[PDB]
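Below is one structure, written out as structure tokens; comments come after it.
Each value in this text was obtained by applying a stated rule to the coordinates, not by laboratory testing. Don't worry about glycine lacking a Cβ; one is built from the backbone with ideal geometry, like all the others, and counts go over all protein chains shown.
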Amino acid sequence: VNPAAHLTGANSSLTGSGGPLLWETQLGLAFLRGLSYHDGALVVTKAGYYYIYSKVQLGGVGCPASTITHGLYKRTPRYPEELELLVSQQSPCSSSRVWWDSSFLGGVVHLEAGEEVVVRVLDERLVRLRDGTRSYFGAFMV
Amino acid sequence: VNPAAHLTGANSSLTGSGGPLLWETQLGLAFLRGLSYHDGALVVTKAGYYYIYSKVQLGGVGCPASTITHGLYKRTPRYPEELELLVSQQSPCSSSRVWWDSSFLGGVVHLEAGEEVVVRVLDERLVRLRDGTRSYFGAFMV
Amino acid sequence: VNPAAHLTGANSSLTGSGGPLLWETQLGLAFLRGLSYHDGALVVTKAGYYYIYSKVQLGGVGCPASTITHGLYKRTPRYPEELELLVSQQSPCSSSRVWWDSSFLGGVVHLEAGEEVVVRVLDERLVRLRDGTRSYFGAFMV
Amino acid sequence: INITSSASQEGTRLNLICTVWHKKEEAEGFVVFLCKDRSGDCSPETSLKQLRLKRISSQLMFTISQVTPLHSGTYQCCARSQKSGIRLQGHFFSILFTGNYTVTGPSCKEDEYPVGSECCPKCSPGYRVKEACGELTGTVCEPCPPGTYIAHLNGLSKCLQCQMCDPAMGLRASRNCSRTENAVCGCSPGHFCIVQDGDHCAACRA
Amino acid sequence: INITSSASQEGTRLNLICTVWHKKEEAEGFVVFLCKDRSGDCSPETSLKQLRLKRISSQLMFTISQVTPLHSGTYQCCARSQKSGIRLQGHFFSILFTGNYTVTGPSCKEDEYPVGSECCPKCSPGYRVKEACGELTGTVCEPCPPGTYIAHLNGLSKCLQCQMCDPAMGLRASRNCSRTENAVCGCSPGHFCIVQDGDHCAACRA
Amino acid sequence: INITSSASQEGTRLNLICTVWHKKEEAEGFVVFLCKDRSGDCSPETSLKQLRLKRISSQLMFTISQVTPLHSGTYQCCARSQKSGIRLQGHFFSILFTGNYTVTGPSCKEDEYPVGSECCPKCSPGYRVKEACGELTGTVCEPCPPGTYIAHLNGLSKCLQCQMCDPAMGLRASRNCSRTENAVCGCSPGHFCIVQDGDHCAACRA
Ligand SMILES: *[C@@H]1O[C@H](CO)[C@@H](O[C@@H]2O[C@H](CO)[C@@H](O[C@@H]3O[C@H](CO)[C@@H](O)[C@H](O)[C@@H]3O)[C@H](O)[C@H]2NC(C)=O)[C@H](O)[C@H]1NC(C)=O
Ligand SMILES: *[C@@H]1O[C@H](CO)[C@@H](O[C@@H]2O[C@H](CO)[C@@H](O[C@@H]3O[C@H](CO)[C@@H](O)[C@H](O)[C@@H]3O)[C@H](O)[C@H]2NC(C)=O)[C@H](O)[C@H]1NC(C)=O
Ligand SMILES: *[C@@H]1O[C@H](CO)[C@@H](O[C@@H]2O[C@H](CO)[C@@H](O[C@@H]3O[C@H](CO)[C@@H](O)[C@H](O)[C@@H]3O)[C@H](O)[C@H]2NC(C)=O)[C@H](O)[C@H]1NC(C)=O
Ligand SMILES: *[C@@H]1O[C@H](CO)[C@@H](O[C@@H]2O[C@H](CO)[C@@H](O)[C@H](O)[C@H]2NC(C)=O)[C@H](O)[C@H]1NC(C)=O
Ligand SMILES: *[C@@H]1O[C@H](CO)[C@@H](O[C@@H]2O[C@H](CO)[C@@H](O)[C@H](O)[C@H]2NC(C)=O)[C@H](O)[C@H]1NC(C)=O
Ligand SMILES: *[C@@H]1O[C@H](CO)[C@@H](O[C@@H]2O[C@H](CO)[C@@H](O)[C@H](O)[C@H]2NC(C)=O)[C@H](O)[C@H]1NC(C)=O
């Protein structure tokens, strides 16, 4: 039973208190298989090598730092800080014009049993959540 | 024999009649393994969880709706409408200047046996097909 | 033991002599499993179908060809030229303003035993290497 | 909770028998009913005959006294539980007249969705598949939870997630998400349309 | 369709024997031939000797009457089918003189591509590998289908896909896609070059 | 290379026994030592007693002559190899006084990281986990390779990769990457700050 998961954007996704993006796990397209979920984080059951990914839909009515960071982060008892795994820097944007930009990344990382993975967009304000088919976060063992 | 496939942009890709993007299956880099193809759609043989993906090369000589939708859609007898799975909104573009923008997405979705998946770019006119190594659509079971 | 690998940007990445991008294999997030590495190239041990991918972080202080090519290429004794597999064309950029753009692609390609895969960004000057969590190249068998 | 469909015959008469199963004394507000030629529009209001229960096996019996051409069609045993909110869809069986007559019931009908070799009756709009139809058993249908919807006769195992109208894009819910309709987004109090994605506003400014 | 290479010896003479297999009575327009020192440029026009067939095992025999230094080189048994369009590439074997002489045939030659332990003769430009060379068997080569091409001596199992010149970028096919050349894109009737990607126009305006 | 911790008792006395394993005649510059109440700050400089070796099983013995309250605490057997450059972290055991006393050693201590059911002593800053602590065995720690670093008491199996300061962004290494600190980026000779990402310059112009 190969560990797999796909989590979707929700109404509580944007804590915006320096908290990582939260995700839906059961409703519609969301699912977990051999992976737990705790406070915005995929939680590894079976240790090993996982292809991890995340898309985030970005946009707005014009521009408020143009540099915007979207990344995947390891939490672990093996280190007191978060560990950057896969990270992108965009800069898509007067404020008279509306704009949209998707930001996808994925990659194979090694995860020990109990180690967590979270998504962080650096200016949460710019995250646009419509129906959750626009922004997601998941993984599968390889 | 783990179901896998990778399909490439073709001369008939842009039906542009509200039809989904069509793909090549046998020529060059294109292939099917344990997956059928019918009228622009990957067709599931073995039911289960598939990582699905699509890249589309976009560009042109300037700009004609700047908002442009690139998505992966489920067809099924279990619902009369198409079901959005994974979708992005871009806005890359006077018309004096030439531009290019790639749009990639992927994600793990559950597919029952006989269920179809298609790609749709909302303004097909902006799809730039060169050798088919620029635009593609495929999947593999996870 | 399913072949997998994830390689990260290094200080020698930008040879910039018409050479392909070089990668780190052992340090930090980098790893090889059932795949060899030779002169910027993943080297297949076990022949078959691989999902291959690459992200590159791009940016700079303004603009010097705006069209920029990021692609995955097959080397093989079966053909004297390199073979394009998966390729994107971007155009993200006066020079007064700083900008960042990530370029990700992935796809399933068939690779015979001993066949190589490399990454090429067409203007290496635009590749921005920070900690190697910004730019990477890897694969896993499907 | 079980549903069955049987058709016993005695001389000139022909009995159609919907059989229903439910927890004793939770049947108050429970209805079993039969439908002739209802394209998944089957309800007590559109039934031939019904039995509203009052308080573990329940039964509905519709007897056809004479074999006639106009009684030919497609019948469906259906149940509805008030306390549960659960619907129940029995298999599509057919009467066909020729002189003679025969009962009956891979190219499943519009109202059905395929499950292995078998076909299964679809669930109502705003109703999710709780249990697949057995060979003898019928389709069980739970109502969509709040924040979800299904807008069609469906065989979906999970309800579609309602669209949120983004305040920060100057949008508000023009129509609220009912369990049979998605929500729709128009412009906020004192905002106007910038661009449209379809016949709806994508983003609004004040 | 099989190909073999054998070299029988009798006193002073030395016979080289290309052996070919084909469906009886579909050999009209069929040619088996031998090549000395042809770097995959081997053809009837560049053969030492050939046998054009007319109408299941066929044979070509080239006898060397005397052992001499100038007969030393690298030989190849090759067959061409007209009706099929299929080429056939036998293994690269060598004659070497010293006084004495020896016949012969992991660092495969330029004209070969590795397959497991063995090496295999490459297919002609515009020719795809239909079947890998066996230990005794030779490389089989199908011609590229239309809309595809291979521009080199190759061991590819599938032909490269021809590039489409995008009308909407004001481009047209300067050169059409032959089975040995990719198509090339220049500007449309009454259009000019905006930017160039190499020594070709990327996009054109009128 | 093995590490063990045993505590033998005889009348009034109590012996603590660090046991170390090493290749014969590669022990020159080798140190085994014991630490009372060191929060992973355990070193020869902060040891109770040590044994610097000179030249396969080695041993350190610290005897407590009398059972007293002030001898109560948390002890750790540690070893340091000069030639290998490897640290060695034995399990955290405890003496507790009450009258009486007891020796001891899922909510692992700050200095530990969990591995299955067990807890393991963390490695020093600039030291990677070479081998996980066994039930009897201790944590083995390799130093970080060049171009990498770890800036904390850690249980990481691989060192963090040092940040490169991009010349093309007008940046240079303000601080160089030590094995215990990441590198830091300031502006190049004759360049100034454009924007800041934290308390460091993101990009510089001249
Ligand atoms: C969609 O549903 C929401 C509720 O989930 C609707 O917003 C609600 O509308 C009601 C009725 O107008 C509001 O009632 C109000 O109560 C105040 C007292 O605080 C009273 O002074 C007003 O006269 C009014 O009756 C209610 O406040 C509001 N709910 C919330 C939480 O704000 C919404 O109107 C619906 N949308 C559409 C377009 O139907
Ligand atoms: C590449 O191949 C295409 C065909 O696949 C070439 O277009 C074709 O060119 C021929 C020869 O000029 C055209 O023939 C014409 O027929 C009309 C009658 O309708 C006659 O009046 C003209 O005098 C001319 O002979 C043919 O129409 C055209 N094919 C199509 C379908 O339009 C193309 O020219 C080739 N490109 C190059 C640069 O060689
Ligand atoms: C971080 O480390 C690098 C070395 O990896 C430091 O650059 C090096 O600095 C030394 C000491 O200033 C340079 O030595 C010089 O040698 C020349 C002779 O060629 C002499 O004329 C100078 O007086 C000077 O002593 C050395 O050249 C240089 N290394 C390289 C390869 O250029 C760097 O300074 C360190 N950064 C910081 C901020 O500490
Ligand atoms: C549908 O449900 C009813 C009630 O649950 C079934 O009758 C029960 O069947 C089980 C298993 O055969 C028996 O253990 C019980 O004794 C029955 N319960 C009662 C109270 O009679 C019935 O068999 C089912 N019908 C179909 C066709 O599946
Ligand atoms: C190449 O092909 C020929 C013809 O197909 C082979 O001869 C046949 O071999 C099969 C299997 O050994 C026999 O069943 C047939 O009787 C043969 N056919 C005829 C008509 O003779 C030949 O063995 C092959 N040569 C090599 C070296 O593989
Ligand atoms: C730690 O290491 C020492 C030395 O390697 C171990 O002693 C050896 O144990 C192996 C396996 O039991 C024996 O084959 C050897 O004979 C021993 N070597 C010598 C030279 O004595 C010791 O058992 C280990 N201690 C623990 C607690 O794991």
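Observations on the model:
- Under the condition of being within 24 Å of residue C:27 (Cα to Cα) and surrounded by fewer than 20 Cβ atoms within 10 Å (Cβ to Cβ), the residues counted in the stretch F:91-114 number 1.
- Of all the residues in the stretch F:111-122, those that are out of contact with any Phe, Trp or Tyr (no Cβ under 9 Å at 6 or more places or on another chain) and within 28 Å of residue F:178 (Cα to Cα) number 1.
- Condition broken by residue B:108, with the remaining ones in (1) touching a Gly at 6+ places or on another chain (Cβ under 7 Å); (2) surrounded by fewer than 23 Cβ atoms within 10 Å (Cβ to Cβ) satisfied: (2)
- Hits in the stretch C:20-33 (condition: of a type outside the set (A, V, I, L, M, F, W, C), assigned to a strand (DSSP E or B) and touching a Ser or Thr at 6+ places or on another chain (Cβ under 7 Å)): C:24
- From the list E:74, E:46, E:68, the one residue that fits, being among the polar types (S, T, N, Q), under 21 Å from residue E:134 (Cβ atoms) and more than 16 Å from ligand 5 (Cβ to nearest atom), is E:74.
- Members of the stretch A:81-104 that are part of a strand (DSSP E or B), within 13 Å of chain C (Cβ to nearest Cβ) and hydrophobic (A, V, I, L, M, F, W, C): A:83, A:85, A:86, A:87, A:104
- The condition (being outside any loop (DSSP other than H, G, I, E, B) and surrounded by fewer than 16 Cβ atoms within 10 Å (Cβ to Cβ)) is satisfied by just one residue among B:17, B:36: B:36.
- Residue pairs whose Cβ atoms lie under 9 Å apart, separated by 6 or more positions or on different chains, with the first residue in the stretch D:164-186 and farther than 18 Å from residue A:10 by Cα and more than 16 Å from ligand 3 (Cβ to nearest atom) and the second aliphatic (A, V, I, L, M) and part of a strand (DSSP E or B), are D:170/A:61; D:170/D:194; D:170/D:203; D:174/D:184; D:175/D:184; D:186/D:171; D:186/D:173.
- Scanning the stretch B:39-48 for residues that are crowded, with 20+ Cβ neighbours inside 10 Å and in contact with a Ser or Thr (Cβ under 9 Å, 6 or more places away or on another chain) yields B:40, B:42, B:44.
- Check on residue E:140, within 16 Å of ligand 5 (Cβ to nearest atom), outside any loop (DSSP other than H, G, I, E, B) and β-branched (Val, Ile, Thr): yes
- Taken as a whole, the condition of being away from chain B (no Cβ under 12 Å) and within 12 Å of ligand 2 (Cβ to nearest atom) does not apply to residue E:179.
- Tallying residues that are in a loop (DSSP other than H, G, I, E, B) and under 22 Å from residue B:28 (Cβ atoms) within the stretch E:162-195 yields 11.
- The residues in the stretch F:66-121 that are of a type in the set (D, E, K, R) and part of a strand (DSSP E or B) can be counted, and the count is 4.
- Filtered residues of the stretch F:138-158 (kept if away from chain A (no Cβ under 13 Å) and under 20 Å from residue F:6 (Cα atoms)): F:138, F:140
- Residue that is surrounded by fewer than 17 Cβ atoms within 10 Å (Cβ to Cβ), closer than 26 Å to residue F:83 by Cβ and away from ligand 6 (no atom under 16 Å from the Cβ), where the choices are F:167, F:145, F:189: F:145
- Hey, residue F:49 over 25 Å from residue F:119 (Cα atoms), of a type in the set (D, E, K, R), surrounded by 15 or more Cβ atoms within 10 Å (Cβ to Cβ) and more than 16 Å from ligand 4 (Cβ to nearest atom) or not: yes
- Each residue in the stretch F:196-206 was checked for being part of a loop (DSSP other than H, G, I, E, B), among the charged types (D, E, K, R) and surrounded by 14 or more Cβ atoms within 10 Å (Cβ to Cβ), and 1 of them qualify.
- Only one entry of D:117, D:84, D:65 meets the criterion of being surrounded by fewer than 13 Cβ atoms within 10 Å (Cβ to Cβ) and under 30 Å from residue B:76 (Cα atoms), and that entry is D:117.
- Listed by first and then second residue, the pairs linking a residue in the stretch C:129-142 that is more than 12 Å from residue A:108 (Cβ to Cβ) to a residue that is in a loop (DSSP other than H, G, I, E, B) and among the acidic types (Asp, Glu), with Cβ atoms under 8 Å apart and 6 or more places separating them unless they lie on different chains, are C:129/F:166; C:130/F:166.
- For residue E:135, the requirement of being more than 16 Å from ligand 2 (Cβ to nearest atom), farther than 24 Å from residue E:82 by Cβ, away from chain B (no Cβ under 14 Å) and buried (at least 22 other Cβ atoms within 10 Å of the Cβ) is not met.
- Test: residue F:173 is within 11 Å of chain C (Cβ to nearest Cβ), more than 14 Å from residue F:129 (Cα to Cα) and surrounded by fewer than 20 Cβ atoms within 10 Å (Cβ to Cβ): no
- Residues that are more than 22 Å from residue A:1 (Cα to Cα), more than 10 Å from every other protein chain (Cβ to nearest Cβ) and in a loop (DSSP other than H, G, I, E, B) within the stretch A:40-78 comprise A:40, A:63, A:64, listed in sequence order.
- Residue within the stretch E:164-171 that is more than 20 Å from the chain's Cα centre (by Cα) and on the phi > 0 side of the Ramachandran plot present: yes
- Taken across the stretch C:119-137, residues that are more than 14 Å from chain A (Cβ to nearest Cβ) and either on the phi > 0 side of the Ramachandran plot or among the polar types (S, T, N, Q) (or both) do not occur at all.
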